[PDB]
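This document opens with one chain alone, in structure tokens, the form deposited in one PDB entry.
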């Protein structure tokens, strides 16, 4: 048909309390492009994660992450939309003072059906399920070869200005390859959002309530990545000029109730820009 394209840049931040120092902030630059015809979406992304910049470069384990995906929109229509994504991703780890470690490259393969089913003129049952295989350098990297993920639930529309999404979120890492044991975990949350849609402004308060969560790792005392889920309240802002230029702001406070002397607390901040054409 016609072709559509986007390009954008997002910069995110993730902190931990207190003052302190617990050590001491992540930074997540990233850029994307997508296109754009028909039931076909082509996407590529570049992401990178590491400690808060200050680079001599005396950094700390960081990692970069090319991404490519293609999405096929089988059926779209007000009754029952259905869709699919295959994805490939590469984690390019660079360890900095982790004895026994220099560098890793683990791949992730992704198969994610998605859906939007009408229930009434005010209720929808939308969602995505996502199946992954992770490939090389697992021992080094700690991932677990297989992982399921899904966020699905109900949307109710008060009117063109206010909506309510309440979802079940589930994330299981497990190993298909007995015997490997590394990165096994399970997360369950309820997620609730109230997308406010005020002309060009867009605000969404939201929250994640953990149902049950267990891991194999970050407690006493392992380093941090995927995944990695916390109770949070957050708010997302978004503005569309109709240029084709949008920007966004998001902030979220996350906690973990504990039995130590008190409890671990996190901050997320996140600005984006997107341009359509």
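Positions refer to the first chain, counted from 1. Between two forms, the rigid core is the largest collection of C-alphas that superpose within 1.5 Å.
In every other compared PDB entry of this protein that covers both flanking sides, residue 264 is modelled, so it falls short of the one-third threshold for missing coordinates. For residue 10, the fraction of other compared entries lacking coordinates, among those that model flanking residues, is zero, nowhere near a third. Averaged over Cα atoms, the B-factor as recorded in the entry is higher for 223-231 than for the other of 223-231 and 45-53. Just going by the entry, 5-13 versus 20-28 on mean CA temperature factor gives the higher value to 20-28. The entry assigns its greatest Cα B factor, within the set 177, 137, 149, 102, to 177. Sorting 217, 33, 251, 241 by the CA temperature factor given in the entry leaves 217 at the top. Among the modelled residues of the chain, residue 85 sits in the middle third by CA temperature factor in this PDB entry. Split the chain's modelled residues into thirds by C-alpha temperature factor. Residue 63 is in the lowest one. Per-chain ranking of the deposited C-alpha B factor places residue 181 in the highest third. Sort the modelled residues of the chain by CA B factor and residue 144 lands in the lowest third. In the deposited entry, the Cα temperature factor of residue 168 sits in the bottom third of values across the chain's modelled residues.
The next section is about a form of this same protein that is not shown, the form deposited in another entry.
Residue shifts between the shown form and the other one, rigid core superposed: of 67, 240, 218, 28, the only C-alpha displaced by 2 Å or more belongs to 218. The rigid-core alignment places the CA of residue 47 less than 2 Å apart between the shown form and the other one. In the core-superposed comparison between the shown form and the other one, residue 229 has its Cα shifted by at least 2 Å.
Whereas the displayed form keeps them at a certain spacing, the CA atoms of residue 258 and residue 184 lie at least 3 angstroms closer in the other entry.
The gap between the Cα atoms of residue 210 and residue 20 is smaller in the other entry, by no less than 3 Å, than in this form.
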